[PDB]
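In: Quick one: experimental structure and sequence below.
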Amino acid sequence: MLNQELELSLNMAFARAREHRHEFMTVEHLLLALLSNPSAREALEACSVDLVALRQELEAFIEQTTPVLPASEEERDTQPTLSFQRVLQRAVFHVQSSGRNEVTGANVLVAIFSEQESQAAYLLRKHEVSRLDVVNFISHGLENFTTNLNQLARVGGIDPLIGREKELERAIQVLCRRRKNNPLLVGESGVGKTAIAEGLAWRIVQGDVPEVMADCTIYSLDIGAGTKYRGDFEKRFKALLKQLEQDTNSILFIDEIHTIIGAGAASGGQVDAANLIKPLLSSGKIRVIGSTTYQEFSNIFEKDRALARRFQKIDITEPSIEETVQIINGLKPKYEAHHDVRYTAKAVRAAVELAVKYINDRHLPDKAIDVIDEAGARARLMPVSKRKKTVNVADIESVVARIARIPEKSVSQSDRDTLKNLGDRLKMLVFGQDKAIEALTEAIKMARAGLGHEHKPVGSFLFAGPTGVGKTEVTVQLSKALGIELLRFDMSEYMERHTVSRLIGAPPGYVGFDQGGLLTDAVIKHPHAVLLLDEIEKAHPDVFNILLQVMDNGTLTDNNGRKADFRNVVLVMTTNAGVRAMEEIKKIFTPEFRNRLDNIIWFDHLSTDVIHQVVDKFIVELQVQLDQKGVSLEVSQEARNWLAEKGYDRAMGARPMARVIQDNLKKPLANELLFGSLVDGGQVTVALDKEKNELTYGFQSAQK
Ligand SMILES: Nc1ncnc2c1ncn2[C@@H]1O[C@H](COP(=O)(O)OP(=O)(O)O)[C@@H](O)[C@H]1O
Ligand SMILES: Nc1ncnc2c1ncn2[C@@H]1O[C@H](COP(=O)(O)OP(=O)(O)O)[C@@H](O)[C@H]1O
Ligand SMILES: [Mg+2]
Ligand SMILES: [Mg+2]
Ligand SMILES: [Mg+2]
């Protein structure tokens, strides 16, 4: 009774339903199959129907609503619904009563119109295909950015909006109010705030929005944390608003509304320009849909108050797992057509569930769609594009793992050579503190070997010991040996309320300087770094609380929802407080603070031999400069003793050494190097006049 072609179309649709593992074979499956059927195809072509858009809409609906049934034990196969059987039976009855030999796809197409409450019939009417059309065929033959969203909808620049009926209903209801007419979509990034504004414009086009909003057109404004860079925000915006307020039912969508208003301007329009237009202050009234995040609504919008009261807040919550699975299932056919691949039902669910578990700084549905797009694209890298089959979760897992992070590079070469030699390298610049450097390098190597927490700084150290023994020098050299930036902050400048009777008397907040800008700005600008905090004992308790968060979470929150990632930072805090005796450090710093440290790196006093090594180091540096000028510097043992004695103090450590070397070894050579015996090279002998306790200087030209 049915055509060969019809029966083939049925088999191909039956085939697709058992590989997608659909439990039901529906009327929408039938219409979809009819798109491959020659007679039904030609009928739809005669009515000028874009078969691809119909293909996409049917497939999307089928995937969102058809239950999948792959599991274990006693279960069932693919089964035609009562309605499906009803349609085919209606076609057979019509055809037999009409005097025709066989049922064709076009006859089934006529039968589908009688399924009044079906999605298939709904889509046919949406595409303006009338039942009569098939019967007649069977028998015979603002200026630039992303503006007019209504126009974008008429073509296909806007991706379809799945679900979120309640949110759309609430936005429409808000726009319909006499006062407080402006919806303010509030939600996290990636949740779908822009998608809802855009999805509304589509509803206006479809006429799925009541008569009062029929003439409405949604215009999106050219936005994208504070705007004021050349032109004239005052007149251009005024001319824009007058062109919108030009007697029309125009809705102005302003994405990221927290940009223009709430923060801080520099001009004289922004907040004040829009404020006039909302109620009435001209000869019209406009409506605005805003979009912002939860934190930007509470703070800069509601408290600083730009226009907060004129807006109606609509909470746009992150979709659930199942709601997101429905969203991906509804977009899936467009991704499959683009990537030439098929995503399994299990991969789709895995994309959503694994993104929820491991991509924690982002939100659904955005992060799940990115994973799906990325997995489809990844398939192109493998030869041509390996279709996939009854497994695909493993692909999703690789993609999610790449997004959740993996930045390696610590194996057989380059980094290995520096880490293995760090101890020795630092021991060449800093003496008398082998243990300190050893413990420091053991901790860097441990973290570089992938052993440690991901949500914590590379290392958190408290460098304790006496003044001028190598604490600052070690961290400065550590940063140069690692090849990373050195971010330095003095905690004596962050005590909050101690320095004022002198002249520097501007301490408002201080913690405000670390937060509101400095500390975070420096860490965002230099993710890989050594963060040195001098004299940590003088810091204000608010700084310590901030430091506890850094050591616990590896992140800071400041400068308007900014994230300072401390994951690749070596935190070093130096203290003089105890004076290495170790029990004194326990009293000064709380157990809570001390137990979050990876190590309290102890630094000892300098020996007489270490002080002599510091002197030699200063002398070699000078010899390097002098040797390049053909000048040989020799400093006698007694003179080295003299420099050691003068450049070291128990209370200052080796702090006075630089000055002492400069005054007694560098300055006395200046005249001879410029206009004396050393002009063309030569020798300098520095000795000690014993019973005078003063250095001796001998010169000889490169004229022996
Ligand atoms: N309900 C939805 N249906 C289809 N796609 C959605 C839906 N919600 C969000 N998206 C998509 O997820 C991504 C993030 O949505 P978007 O509107 O940009 O989030 P937001 O504006 O809140 O930051 C976009 O690709 C958007 O198309
Ligand atoms: N351990 C040492 N090895 C080599 N030079 C040192 C050593 N200790 C001090 N110095 C010299 O003295 C100066 C002061 O050292 P520094 O690390 O800044 O002291 P502190 O331990 O108070 O932080 C350094 O710049 C360095 O020139
Ligand atoms: Mg957006
Ligand atoms: Mg200081
Ligand atoms: Mg110090």
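Out: Great, that's in hand. Numbering: from 1, shown residues only. Ligands and ions are numbered 1, 2, ... in the order given.

In: Where does this protein get nearest to ligand 2, which residue?
Out: For the chain, the residue closest to ligand 2 is residue 470, as judged by Cβ to the nearest ligand atom, at 2.9 Å. Where you see a C-beta, it was placed from the backbone N, CA and C, and this is true even at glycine.

In: what residues are up against the nearest residue to that residue once chain neighbours are set aside?
Out: Among residues not flanking residue 470 along the chain, residue 430 sits closest, at 4.5 Å (Cβ to Cβ, 6 or more residues apart in numbering). Residues in contact with residue 430, defined by Cβ atoms under 8 Å, 6 or more residues apart in numbering, are 437, 470, 473, 474, 477.

In: I'd say the residue of the chain closest to ligand 2 and residue 603 touch.
Out: Yes: applying Cβ atoms under 8 Å as the test, residue 470 and residue 603 come out as touching, 6.2 Å apart.

In: The residue nearest to residue 470: what secondary structure?
Out: Classification of residue 430 using DSSP: H, G, I helix; E, B strand; the rest coil returns coil.

In: How much space separates it from ligand 4?
Out: 20 Å (Cβ to the ion, to the nearest Å).

In: So residue 470 and residue 603 - more neighbours on which side?
Out: Just comparing residue 470 and residue 603: by other Cβ atoms under 10 Å the higher neighbour count belongs to residue 470, 26 against 23.

In: got the contact list for that one?
Out: Contacts for residue 470 (Cβ under 8 Å, 6+ apart) come out as 430, 431, 432, 433, 436, 603, 654.

In: what's the most distant pair in these?
Out: 436 and 654 (15.0 Å; Cβ to Cβ).

In: rewinding a little: now the residue nearest to residue 470: phi and psi?
Out: With angles defined as degrees, to the nearest 10, residue 430 sits at phi -120, psi 120.

In: what do you get for residue 258?
Out: phi -70, psi -10.

In: Residues that sit against both of residue 470 and residue 603, list them.
Out: 433, 436.

In: what's the burial count for the residue of the chain found nearest ligand 4?
Out: Going by Cβ to the ion, ligand 4 is nearest to residue 492 of the chain, at 3.3 Å. Per other Cβ under 10 Å, the neighbour tally for residue 492 reads 12.

In: mind checking the SS state of residue 94?
Out: Note that with three-state DSSP, the state of residue 94 is helix.

In: There's contact between it and residue 110 in this structure, I believe.
Out: Yes: in terms of Cβ under 8 Å, residue 94 counts as a neighbour of residue 110; the distance is 6.8 Å.

In: As CSV, could you dump the C-alpha coordinates of stretch 418-437?
Out: In CSV, the C-alpha atoms belonging to stretch 418-437 read as follows (Å, rounded to 0.1, in the frame of the first residue of the first chain):
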residue,chain,number,x,y,z
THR,A,418,68.4,24.9,36.5
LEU,A,419,66.4,23.1,39.2
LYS,A,420,69.2,20.6,39.7
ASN,A,421,71.7,23.5,40.0
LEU,A,422,69.5,26.1,41.8
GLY,A,423,71.0,25.2,45.2
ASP,A,424,74.5,25.6,43.9
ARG,A,425,73.6,28.7,41.7
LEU,A,426,72.1,30.5,44.8
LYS,A,427,75.1,29.3,47.0
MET,A,428,77.3,31.3,44.7
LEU,A,429,75.5,34.5,45.3
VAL,A,430,74.4,34.0,48.9
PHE,A,431,76.8,32.5,51.4
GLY,A,432,76.5,31.0,54.9
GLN,A,433,72.9,29.8,54.4
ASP,A,434,73.1,26.5,52.7
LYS,A,435,70.1,25.0,54.7
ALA,A,436,67.8,28.0,53.9
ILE,A,437,68.6,27.7,50.1
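
In: what about it, near ligand 5?
Out: No: using Cβ under 5 Å from the ion, stretch 418-437 never reaches ligand 5; the gap is at least 12.3 Å.

In: does that stretch come close to ligand 2?
Out: Yes: using Cβ under 6 Å from any ligand atom, stretch 418-437 comes into contact with ligand 2 via 430, 431, 432, 433.

In: of those residues, buried ones?
Out: 430, 431, 432, 433 (16 or more other Cβ atoms under 10 Å).

In: List the contacts of the last one.
Out: By Cβ under 8 Å, 6+ apart, residue 433 lies in contact with 469, 470, 474, 603, 604.

In: I'd like to know which of these is nearest to residue 137.
Out: For the contacts of residue 433, the nearest to residue 137 is residue 474 (86.5 Å; Cβ to Cβ).

In: Farthest pair within the contacts of residue 430?
Out: 437 and 473 (10.9 Å).

In: of those two, who's got more company?
Out: Taking neighbours as other Cβ under 10 Å, residue 437 and residue 473 compare with residue 437 leading, 24 against 17.

In: in terms of contact, does that one touch residue 425 like I think?
Out: No: Residue 437 lies out of contact with residue 425 (Cβ under 8 Å); the separation is 9.2 Å.

In: Run through the helices of the stretch 401-550 of the chain in chain order.
Out: With helices called from DSSP state H, counting those that start in this stretch, the stretch 401-550 of the chain shows them at 415-427, 434-448, 471-482, 511-515, 518-525, 541-553.

In: near ligand 5, which residues of this structure show up?
Out: Residues of the chain lying near ligand 5 (Cβ under 5 Å from the ion): 471, 472, 574.

In: what residues are up against the first one?
Out: To tie it back to what came earlier, the one meant is residue 471. Neighbouring residues of residue 471 by Cβ under 8 Å, 6+ apart: 463, 464, 465, 574, 603.

In: show me what contacts the fourth one?
Out: By Cβ under 8 Å, 6+ apart, the contact list for residue 574 reads 462, 463, 464, 471, 472, 475, 532, 533, 534, 535, 536.

In: from those residues, which single one is nearest residue 272?
Out: Closest approach to residue 272 among the contacts of residue 574 (Cβ to Cβ): residue 533, at 42.7 Å.

In: separation between that closest one and residue 551?
Out: For residue 533, the distance to residue 551 equals 12 Å [Cβ to Cβ, to the nearest Å].

In: shared neighbours of these two, which are they?
Out: Taking Cβ under 8 Å, 6+ apart as the contact rule, residue 533 and residue 551 both touch residue 571.

In: quick one: residue 289 from residue 181, how far?
Out: Residue 289 is 10 Å from residue 181, by Cβ to Cβ.

In: the more surrounded of those two?
Out: The residue with more neighbours, out of residue 289 and residue 181, is residue 289; 25 against 19, by other Cβ under 10 Å.

In: was I right about the more buried one contacting residue 182?
Out: Yes: using Cβ under 8 Å, residue 289 is in contact with residue 182, at 6.9 Å.

In: and for those two, which residues touch both?
Out: Taking Cβ under 8 Å, 6+ apart as the contact rule, residue 289 and residue 182 both touch residue 175.

In: The residue nearest to residue 328 when sequence neighbours are not counted: what secondary structure?
Out: Among residues not flanking residue 328 along the chain, residue 348 sits closest, at 5.1 Å (Cβ to Cβ, 6+ apart). Secondary structure assignment for residue 348 (three-state DSSP): helix.

In: Burial check on residue 348, number of neighbours?
Out: Neighbour count of residue 348, defined by other Cβ under 10 Å: 24.

In: got the contact list for it?
Out: Taking Cβ under 8 Å, 6+ apart as the criterion, residue 348 is in contact with 325, 328, 329, 332, 372.

In: Okay, the third one and residue 27: tell me how far apart.
Out: When you say that, I think you mean residue 329. Here the criterion is Cβ to Cβ. By it, residue 329 lies 18 Å from residue 27.

In: can you check the last one too?
Out: Plainly put, residue 372 is 28 Å away from residue 27 if you go by Cβ to Cβ.

In: Which one's more surrounded, these two?
Out: Neighbours of residue 372 and residue 27, each counted by other Cβ under 10 Å, are more numerous for residue 372; the result is 25 against 22.

In: how many other residues sit next to the residue nearest to that one when sequence neighbours are not counted?
Out: Closest residue in space to residue 372, ignoring its immediate chain neighbours: residue 351 at 5.1 Å, by Cβ to Cβ, 6+ apart. Residues near residue 351, counting by other Cβ under 10 Å, number 31.
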